[PDB]
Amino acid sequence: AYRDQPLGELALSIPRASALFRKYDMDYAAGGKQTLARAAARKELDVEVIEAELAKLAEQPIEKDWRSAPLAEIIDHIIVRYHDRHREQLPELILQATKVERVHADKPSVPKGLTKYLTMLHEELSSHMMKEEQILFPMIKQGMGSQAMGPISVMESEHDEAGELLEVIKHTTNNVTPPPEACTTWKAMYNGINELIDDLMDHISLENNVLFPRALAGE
């Protein structure tokens, strides 16, 4: 009964479901409590077809399941797999976008504003991740997860803001689709943007859907 399940649980229980939800622009990361039914209905999508596709993915080799993993292990995974990679990814994308916007300034397809939006994302995500690393993650490791309502509500609000920047980035780049006349830098940059989006949604999903609720529950 997949349509009646929350998007968060689906993304965390079925491998490559994340990419499927990315394809349909369903926010399993910050909107992970919403049922598939409501998500699909809002987008005028055929939920039976989506239920079928999830079933196909569900037959595949059962991946690493973070839902019951120890919180300290989730934390260490986040820091290394996501926070450190974002800190490397964003500066590079910023350089590339600066070049693309300059070199192709005359083209109507140029993603005007992209450098600015990536710069904002980098600045905001950097300060956010530092707060997590300095206070929230240590407090959870030190058994104070049940006391983290304050920081968690702020971090979740900031996750929603990161989502809004991702939407603006997607809009500016025609849903990260390079035009016919794009060359190697522009195409490679769009591949990097898709990778950043994929990673950031999975990162936010792991925080919002696993780490934060389990921490508050005293696990």
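By rigid core we mean the largest C-alpha set that fits within 1.5 Å across both forms. Don't overthink the numbering: it's just position in the shown sequence, from 1.
When the other structures are laid on the shown form by the rigid core, the stretch among 31-39 and 61-69 with the greater C-alpha deviation in 4 other deposited structures of this protein turns out to be 61-69. Between 72-80 and 103-111, the larger mean CA deviation from the shown form in 4 other deposited structures of this protein, after core superposition, belongs to 103-111. In this entry, 67-75 has the higher mean Cα B-factor, the comparison being between 67-75 and 95-103. Higher mean CA temperature factor between 58-66 and 163-171: 58-66, per the PDB entry. In the PDB entry, the Cα temperature factor peaks, among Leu10, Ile204, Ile197, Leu211, at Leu10. Of the candidates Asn191, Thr184, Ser153, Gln34, it is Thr184 whose Cα B-factor is highest according to the PDB record.
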